[PDB]
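Here the structure is laid out as C-alpha cells; the discussion comes afterwards.
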Amino acid sequence: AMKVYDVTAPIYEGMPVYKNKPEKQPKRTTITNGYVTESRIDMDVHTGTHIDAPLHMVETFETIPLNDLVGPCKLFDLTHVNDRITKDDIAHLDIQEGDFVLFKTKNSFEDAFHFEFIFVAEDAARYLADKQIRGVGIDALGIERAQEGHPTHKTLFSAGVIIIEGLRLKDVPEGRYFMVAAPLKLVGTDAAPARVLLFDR
Amino acid sequence: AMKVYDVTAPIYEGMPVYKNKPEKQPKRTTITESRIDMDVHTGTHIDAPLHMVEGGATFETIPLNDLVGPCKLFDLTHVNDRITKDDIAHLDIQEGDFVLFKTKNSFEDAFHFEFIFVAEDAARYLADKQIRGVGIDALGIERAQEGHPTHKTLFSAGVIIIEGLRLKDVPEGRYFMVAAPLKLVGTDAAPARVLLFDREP
Ligand SMILES: [Cl-]
Ligand SMILES: [Cl-]
Ligand SMILES: [Cl-]
Ligand SMILES: [Cl-]
Ligand SMILES: [Cl-]
Ligand SMILES: [Cl-]
Ligand SMILES: [Cl-]
Ligand SMILES: [Cl-]
Ligand SMILES: [Zn+2]
C-alpha cells in the first residue's frame with residue numbers, strides 16, 4: 001500500500017526564515033465575531049517550502065504550470081556532502097533529460113536556519129542545466145549562496161529548470177517517487193509557497 | 001494515460017470573493033521581495049473546525065491522509081437553491097468516503113448571493129454516514145441558515161470541509177484526490193491546491 005511523505009515545512013510566526021530576517025516572517029491577523037473566526041495570512045512568496053520558476057513560464061489567469069511539478073522524481077541521498085554540491089558529487093548519478101531530482105543533504109537534519117547550508121554549486125548547476133532536467137529540489141531555504149550574481153539560479157533558469165527550495169527530506173529514503181508539488185495558485189508570480197508530497201514508487 | 005484535473009480557483013486582486021466584500025480581496029506587494037496578503041478562506045480552501053467552533057481544532061490537526069485518497073464526484077447540477085437530503089439519499093455514499101458535489105456554481109465565474117449550498121438536513125445525513133469529507137464548488141458550504149448548522153453538524157462529526165472547488169471540466173465519477181493545502185499552523189482554514197487524478201498515481 002501507498003506511502004505518502006509530507007516533505008513541506010510548517011508556516012507560523014517565528015519559523016526559520018532566510019538569514020533570520022524579521023521582515024521575512026509571515027503575519028497572521030485574526031478577527032472574531034461570536035463563534036466565527038476568520039484570518040488573513042501575510043507571507044513572503046519564498047516562505048518555507050516554495051517553488052521558484054523561470055520568469056518565462058509565467059506572464060491571463062497565468063500561473064506556474066504543473067506539468068513538471070506533478071510526476072515522477074528521483075531523490076538522492078547526498079548526506080555525505082560537506083559545504084556544497086559540486087559536479088563531482090553528482091556526475092556519476094543516474095540523472096537524465098526530463099528528470100526532476102531532489103537532494104537530501106545535511107540541511108534536512110537541521111531545524112533552524114544555518115548560514116552555511118549545503119547548496120548547489122555553479123558547476124553542478126551548469127551540469128544539470130546542460131543536461132536539461134526539468135526540476136531540482138533542495139532542502140535548504142535557498143539553493144545558492146557564496147556566489148556573486150547568482151549563477152546557479154541563472155543557469156538553471158536559462159535551461160528552463162524549475163527550482164524547489166525548503167524541502168524537508170529527513171524521513172525519506174533514497175529512491176523513486178511520484179511527486180505532487182502543488183504551489184499556491186497565485187496569478188502572475190514566478191515564485192509561490194507550495195505543499196510538496198511524495199508518493200511511494 | 002492518467003489525467004489530472006486542477007480544480008482550484010486562481011488567486012488575484014479583483015477575483016470573486018465572498019459577498020463581494022472589498023476587504024476579502026487578496027493583496028500582492030512587491031518591494032524592489034514579494035508578499036501575498038490573503039484571507040485564508042480565499043478561493044479553493046479547507047476550513048478548520050476553529051472557523052465555527054471557539055477553541056476549535058486548527059489547521060494542522062486536519063490529517064493529511066484524509067486529504068489524499070479516493071473520492072467521489074457527483075453531478076448535482078440539476079439542483080436548484082440548495083442540496084437537500086432528498087437530492088442525495090440515493091447516491092452510493094459510504095462511511096469514510098470523500099464526496100464532491102458539482103453544482104450550478106461551477107458554471108459561474110462571478111460571485112452569486114444565491115449559490116447552491118449544502119442544506120442542514122443533507123449535512124445531518126452526511127454526518128451520520130461518517131464520511132471523511134465533503135467538497136462544494138461555492139465559496140461557502142452554507143447560507144440562509146441562522147447559527148450555521150451545516151458547518152457545526154459537519155465539524156462535530158469530524159467531517160473535513162473543502163470549499164471553492166472549480167469543477168466544470170471534470171466528468172462525474174471516481175477520482176484519486178490530492179487536496180494539498182499550505183501547511184499553516186493554528187489557522188481556521190488554509191488555501192488549498194486541489195487536484196483530481198483519474199487513477200491512483
Ligand atoms: Cl497548469
Ligand atoms: Cl532503477
Ligand atoms: Cl476558474
Ligand atoms: Cl487556493
Ligand atoms: Cl495541513
Ligand atoms: Cl496524517
Ligand atoms: Cl431541485
Ligand atoms: Cl461516483
Ligand atoms: Zn471557508
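In the C-alpha cells, each chain is lettered A, B, ... as it comes, each chain's residues begin at 1, and ligands are numbered from 1 in order of appearance.
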Counting only C-alpha atoms and all ligand atoms, name the residues that have an atom within 12 Å of an atom of ligand 9; the answer should be given as a PDB file with C-alpha atoms, in the first residue's frame.
```
ATOM      1  CA  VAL A  36     -16.937  32.874  13.760  1.00  0.00           C
ATOM      2  CA  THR A  37     -13.143  33.137  13.497  1.00  0.00           C
ATOM      3  CA  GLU A  38     -11.578  34.372  10.218  1.00  0.00           C
ATOM      4  CA  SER A  39      -7.977  35.251   9.406  1.00  0.00           C
TER       5      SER A  39
ATOM      6  CA  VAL B  17     -14.754  36.926  -3.125  1.00  0.00           C
ATOM      7  CA  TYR B  18     -17.470  36.174  -0.557  1.00  0.00           C
ATOM      8  CA  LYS B  24     -11.865  39.993   1.353  1.00  0.00           C
ATOM      9  CA  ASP B  39      -7.910  35.687   3.634  1.00  0.00           C
ATOM     10  CA  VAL B  40      -7.458  32.020   4.499  1.00  0.00           C
ATOM     11  CA  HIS B  41     -10.965  31.437   3.060  1.00  0.00           C
ATOM     12  CA  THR B  42      -9.990  32.849  -0.387  1.00  0.00           C
ATOM     13  CA  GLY B  43     -10.808  30.725  -3.444  1.00  0.00           C
ATOM     14  CA  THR B  44     -10.312  26.984  -3.058  1.00  0.00           C
ATOM     15  CA  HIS B  45      -9.665  26.221   0.603  1.00  0.00           C
ATOM     16  CA  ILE B  46     -10.127  23.827   3.509  1.00  0.00           C
ATOM     17  CA  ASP B  47     -11.965  25.002   6.695  1.00  0.00           C
ATOM     18  CA  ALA B  48     -10.546  24.128  10.090  1.00  0.00           C
ATOM     19  CA  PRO B  49     -13.091  23.500  12.978  1.00  0.00           C
ATOM     20  CA  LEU B  50     -11.819  26.694  14.648  1.00  0.00           C
ATOM     21  CA  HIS B  51     -13.573  28.665  11.959  1.00  0.00           C
ATOM     22  CA  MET B  52     -17.078  27.958  13.544  1.00  0.00           C
ATOM     23  CA  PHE B  59      -5.499  23.624  10.614  1.00  0.00           C
ATOM     24  CA  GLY B 135     -16.370  19.427  -1.093  1.00  0.00           C
ATOM     25  CA  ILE B 136     -18.557  22.067  -2.648  1.00  0.00           C
ATOM     26  CA  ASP B 137     -17.990  24.422  -5.605  1.00  0.00           C
ATOM     27  CA  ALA B 138     -19.190  27.544  -3.784  1.00  0.00           C
ATOM     28  CA  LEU B 139     -17.026  29.941  -1.734  1.00  0.00           C
ATOM     29  CA  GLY B 140     -19.056  28.761   1.307  1.00  0.00           C
ATOM     30  CA  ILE B 141     -20.802  25.468   2.067  1.00  0.00           C
ATOM     31  CA  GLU B 142     -23.697  27.297   3.797  1.00  0.00           C
ATOM     32  CA  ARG B 143     -26.018  30.340   3.633  1.00  0.00           C
ATOM     33  CA  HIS B 151     -20.601  23.773   9.440  1.00  0.00           C
ATOM     34  CA  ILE B 160     -13.482  17.887   6.548  1.00  0.00           C
ATOM     35  CA  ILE B 161     -14.889  20.828   4.538  1.00  0.00           C
ATOM     36  CA  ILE B 162     -13.452  21.889   1.185  1.00  0.00           C
ATOM     37  CA  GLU B 163     -14.992  24.981  -0.361  1.00  0.00           C
ATOM     38  CA  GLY B 164     -14.277  26.912  -3.594  1.00  0.00           C
ATOM     39  CA  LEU B 165     -13.912  23.914  -5.925  1.00  0.00           C
ATOM     40  CA  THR B 187      -5.486  28.783  11.437  1.00  0.00           C
ATOM     41  CA  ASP B 188      -9.216  28.466  10.722  1.00  0.00           C
ATOM     42  CA  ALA B 189      -8.619  27.407   7.142  1.00  0.00           C
ATOM     43  CA  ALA B 190      -5.881  27.193   4.565  1.00  0.00           C
ATOM     44  CA  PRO B 191      -5.874  27.870   0.819  1.00  0.00           C
ATOM     45  CA  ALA B 192      -5.594  24.526  -0.929  1.00  0.00           C
TER      46      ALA B 192
END
```
* To do: From the DSSP assignment of the backbone, select every residue of segment 14-124 of chain B that is alpha helix (DSSP H), and format the answer as a VMD selection string.
  => chain B and resid 64 to 67 85 to 88 120 to 124
* Within 9 Å of ligand 2, which residues show up when you count only C-alpha atoms and all ligand atoms? List them as a list in words, please. => residues 94, 175 and 176 of chain A
* Asked: Which neighbours of segment 19-34 of chain A fall inside 7 Å, counting only C-alpha atoms, when residues of the same chain fewer than 5 positions from it are skipped, and could you give them as a ChimeraX atom specification?
  -> /A:12-14,39-44,113,115
* Asked: Hey, which residues come within 9 Å of ligand 3 if we count only C-alpha atoms and all ligand atoms? Could you give them as a VMD selection string?
  -> (chain A and resid 61) or (chain B and resid 7 to 10 106 108 to 109 166 to 168)
Just the selected residues (N, CA, C and O atoms), exported as a PDB file, in the first residue's frame, please.
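As a result, result.pdb now contains:
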```pdb
ATOM      1  N   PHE A  61      -5.214  34.138 -16.542  1.00  0.00           N
ATOM      2  CA  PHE A  61      -5.068  33.752 -15.174  1.00  0.00           C
ATOM      3  C   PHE A  61      -3.831  32.889 -15.102  1.00  0.00           C
ATOM      4  O   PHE A  61      -3.887  31.769 -14.649  1.00  0.00           O
TER       5      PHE A  61
ATOM      6  N   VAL B   7      -8.601  21.641  -9.927  1.00  0.00           N
ATOM      7  CA  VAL B   7      -9.963  22.148  -9.647  1.00  0.00           C
ATOM      8  C   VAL B   7      -9.917  23.344  -8.680  1.00  0.00           C
ATOM      9  O   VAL B   7     -10.796  23.511  -7.785  1.00  0.00           O
ATOM     10  N   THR B   8      -8.872  24.153  -8.844  1.00  0.00           N
ATOM     11  CA  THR B   8      -8.548  25.197  -7.922  1.00  0.00           C
ATOM     12  C   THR B   8      -8.793  26.541  -8.607  1.00  0.00           C
ATOM     13  O   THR B   8      -8.407  26.727  -9.767  1.00  0.00           O
ATOM     14  N   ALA B   9      -9.414  27.481  -7.900  1.00  0.00           N
ATOM     15  CA  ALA B   9      -9.647  28.815  -8.464  1.00  0.00           C
ATOM     16  C   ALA B   9      -8.344  29.633  -8.532  1.00  0.00           C
ATOM     17  O   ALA B   9      -7.505  29.535  -7.649  1.00  0.00           O
ATOM     18  N   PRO B  10      -8.176  30.464  -9.562  1.00  0.00           N
ATOM     19  CA  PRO B  10      -6.958  31.275  -9.499  1.00  0.00           C
ATOM     20  C   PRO B  10      -7.110  32.363  -8.451  1.00  0.00           C
ATOM     21  O   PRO B  10      -8.225  32.802  -8.197  1.00  0.00           O
ATOM     22  N   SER B 106     -20.346  25.787 -10.382  1.00  0.00           N
ATOM     23  CA  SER B 106     -19.168  25.525 -11.196  1.00  0.00           C
ATOM     24  C   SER B 106     -19.251  26.208 -12.551  1.00  0.00           C
ATOM     25  O   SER B 106     -18.232  26.363 -13.215  1.00  0.00           O
ATOM     26  N   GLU B 108     -20.426  29.306 -13.014  1.00  0.00           N
ATOM     27  CA  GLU B 108     -20.460  30.729 -12.831  1.00  0.00           C
ATOM     28  C   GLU B 108     -19.089  31.222 -12.485  1.00  0.00           C
ATOM     29  O   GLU B 108     -18.406  30.642 -11.666  1.00  0.00           O
ATOM     30  N   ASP B 109     -18.690  32.309 -13.117  1.00  0.00           N
ATOM     31  CA  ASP B 109     -17.407  32.924 -12.865  1.00  0.00           C
ATOM     32  C   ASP B 109     -17.465  33.947 -11.756  1.00  0.00           C
ATOM     33  O   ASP B 109     -16.519  34.059 -11.002  1.00  0.00           O
ATOM     34  N   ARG B 166     -13.525  24.259  -8.333  1.00  0.00           N
ATOM     35  CA  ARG B 166     -13.967  24.604  -9.701  1.00  0.00           C
ATOM     36  C   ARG B 166     -14.075  23.323 -10.519  1.00  0.00           C
ATOM     37  O   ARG B 166     -13.052  22.708 -10.889  1.00  0.00           O
ATOM     38  N   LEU B 167     -15.308  22.887 -10.774  1.00  0.00           N
ATOM     39  CA  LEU B 167     -15.478  21.521 -11.222  1.00  0.00           C
ATOM     40  C   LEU B 167     -16.089  21.391 -12.616  1.00  0.00           C
ATOM     41  O   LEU B 167     -16.387  20.289 -13.036  1.00  0.00           O
ATOM     42  N   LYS B 168     -16.292  22.492 -13.329  1.00  0.00           N
ATOM     43  CA  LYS B 168     -16.976  22.416 -14.632  1.00  0.00           C
ATOM     44  C   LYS B 168     -16.313  21.524 -15.678  1.00  0.00           C
ATOM     45  O   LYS B 168     -16.995  21.075 -16.598  1.00  0.00           O
TER      46      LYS B 168
END
```
* Pick out the residues no farther than 10 Å from ligand 8, counting only C-alpha atoms and all ligand atoms, and list them as a ChimeraX atom specification. => /B:71-75,91-93,99-100,171-175
I need the residues from that last selection saved to file as a PDB file, in the first residue's frame (with N, CA, C and O atoms), if you can.
```pdb
ATOM      1  N   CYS B  71     -11.895   9.568  -3.972  1.00  0.00           N
ATOM      2  CA  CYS B  71     -13.066  10.359  -3.685  1.00  0.00           C
ATOM      3  C   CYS B  71     -14.112  10.110  -4.766  1.00  0.00           C
ATOM      4  O   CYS B  71     -13.837   9.431  -5.779  1.00  0.00           O
ATOM      5  N   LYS B  72     -15.285  10.694  -4.563  1.00  0.00           N
ATOM      6  CA  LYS B  72     -16.387  10.552  -5.490  1.00  0.00           C
ATOM      7  C   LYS B  72     -16.927  11.919  -5.812  1.00  0.00           C
ATOM      8  O   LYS B  72     -17.292  12.687  -4.904  1.00  0.00           O
ATOM      9  N   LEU B  73     -16.972  12.219  -7.108  1.00  0.00           N
ATOM     10  CA  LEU B  73     -17.555  13.452  -7.610  1.00  0.00           C
ATOM     11  C   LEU B  73     -18.957  13.168  -8.146  1.00  0.00           C
ATOM     12  O   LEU B  73     -19.134  12.296  -9.013  1.00  0.00           O
ATOM     13  N   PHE B  74     -19.950  13.872  -7.605  1.00  0.00           N
ATOM     14  CA  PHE B  74     -21.343  13.712  -8.022  1.00  0.00           C
ATOM     15  C   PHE B  74     -21.867  14.900  -8.793  1.00  0.00           C
ATOM     16  O   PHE B  74     -21.638  16.071  -8.432  1.00  0.00           O
ATOM     17  N   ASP B  75     -22.646  14.626  -9.802  1.00  0.00           N
ATOM     18  CA  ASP B  75     -23.248  15.681 -10.546  1.00  0.00           C
ATOM     19  C   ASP B  75     -24.573  16.069  -9.952  1.00  0.00           C
ATOM     20  O   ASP B  75     -25.488  15.316  -9.999  1.00  0.00           O
ATOM     21  N   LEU B  91     -27.654   8.210  -3.568  1.00  0.00           N
ATOM     22  CA  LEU B  91     -26.280   8.090  -4.092  1.00  0.00           C
ATOM     23  C   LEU B  91     -25.473   7.084  -3.285  1.00  0.00           C
ATOM     24  O   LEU B  91     -25.726   6.890  -2.095  1.00  0.00           O
ATOM     25  N   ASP B  92     -24.521   6.434  -3.946  1.00  0.00           N
ATOM     26  CA  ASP B  92     -23.653   5.483  -3.280  1.00  0.00           C
ATOM     27  C   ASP B  92     -22.627   6.240  -2.421  1.00  0.00           C
ATOM     28  O   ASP B  92     -21.505   6.482  -2.862  1.00  0.00           O
ATOM     29  N   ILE B  93     -23.041   6.613  -1.210  1.00  0.00           N
ATOM     30  CA  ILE B  93     -22.226   7.358  -0.241  1.00  0.00           C
ATOM     31  C   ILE B  93     -22.007   6.507   1.025  1.00  0.00           C
ATOM     32  O   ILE B  93     -22.952   6.281   1.783  1.00  0.00           O
ATOM     33  N   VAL B  99     -16.655  13.054  -0.550  1.00  0.00           N
ATOM     34  CA  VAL B  99     -17.597  13.327  -1.619  1.00  0.00           C
ATOM     35  C   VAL B  99     -17.575  14.779  -2.082  1.00  0.00           C
ATOM     36  O   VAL B  99     -17.488  15.729  -1.269  1.00  0.00           O
ATOM     37  N   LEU B 100     -17.679  14.947  -3.396  1.00  0.00           N
ATOM     38  CA  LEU B 100     -17.545  16.249  -4.006  1.00  0.00           C
ATOM     39  C   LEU B 100     -18.798  16.498  -4.798  1.00  0.00           C
ATOM     40  O   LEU B 100     -19.224  15.641  -5.591  1.00  0.00           O
ATOM     41  N   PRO B 171     -15.573  15.194 -15.472  1.00  0.00           N
ATOM     42  CA  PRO B 171     -16.771  14.321 -15.574  1.00  0.00           C
ATOM     43  C   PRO B 171     -17.164  13.691 -14.222  1.00  0.00           C
ATOM     44  O   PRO B 171     -16.280  13.410 -13.408  1.00  0.00           O
ATOM     45  N   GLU B 172     -18.459  13.484 -13.977  1.00  0.00           N
ATOM     46  CA  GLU B 172     -18.920  12.718 -12.798  1.00  0.00           C
ATOM     47  C   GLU B 172     -18.125  11.411 -12.694  1.00  0.00           C
ATOM     48  O   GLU B 172     -17.890  10.768 -13.701  1.00  0.00           O
ATOM     49  N   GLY B 173     -17.682  11.046 -11.492  1.00  0.00           N
ATOM     50  CA  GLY B 173     -17.131   9.707 -11.263  1.00  0.00           C
ATOM     51  C   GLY B 173     -16.140   9.618 -10.111  1.00  0.00           C
ATOM     52  O   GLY B 173     -16.091  10.496  -9.245  1.00  0.00           O
ATOM     53  N   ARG B 174     -15.363   8.536 -10.106  1.00  0.00           N
ATOM     54  CA  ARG B 174     -14.355   8.258  -9.078  1.00  0.00           C
ATOM     55  C   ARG B 174     -12.994   8.887  -9.408  1.00  0.00           C
ATOM     56  O   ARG B 174     -12.543   8.840 -10.569  1.00  0.00           O
ATOM     57  N   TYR B 175     -12.346   9.481  -8.407  1.00  0.00           N
ATOM     58  CA  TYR B 175     -11.035  10.082  -8.621  1.00  0.00           C
ATOM     59  C   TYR B 175     -10.106   9.708  -7.477  1.00  0.00           C
ATOM     60  O   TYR B 175     -10.548   9.213  -6.430  1.00  0.00           O
TER      61      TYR B 175
END
```
Counting only C-alpha atoms and all ligand atoms, give me one row per residue of chain A with an atom at most 9 Å from an atom of ligand 1, showing the shortest contact pair and its distance in Å to one decimal, sorted by chain then residue number, as JSON lines.
```
{"residue": "A:62", "atom": "CA", "partner": "ligand 1", "partner_atom_place_in_ligand_line": "1 (Cl)", "distance": 8.7}
{"residue": "A:63", "atom": "CA", "partner": "ligand 1", "partner_atom_place_in_ligand_line": "1 (Cl)", "distance": 7.1}
{"residue": "A:64", "atom": "CA", "partner": "ligand 1", "partner_atom_place_in_ligand_line": "1 (Cl)", "distance": 6.6}
{"residue": "A:65", "atom": "CA", "partner": "ligand 1", "partner_atom_place_in_ligand_line": "1 (Cl)", "distance": 3.7}
{"residue": "A:66", "atom": "CA", "partner": "ligand 1", "partner_atom_place_in_ligand_line": "1 (Cl)", "distance": 4.4}
{"residue": "A:67", "atom": "CA", "partner": "ligand 1", "partner_atom_place_in_ligand_line": "1 (Cl)", "distance": 6.3}
```
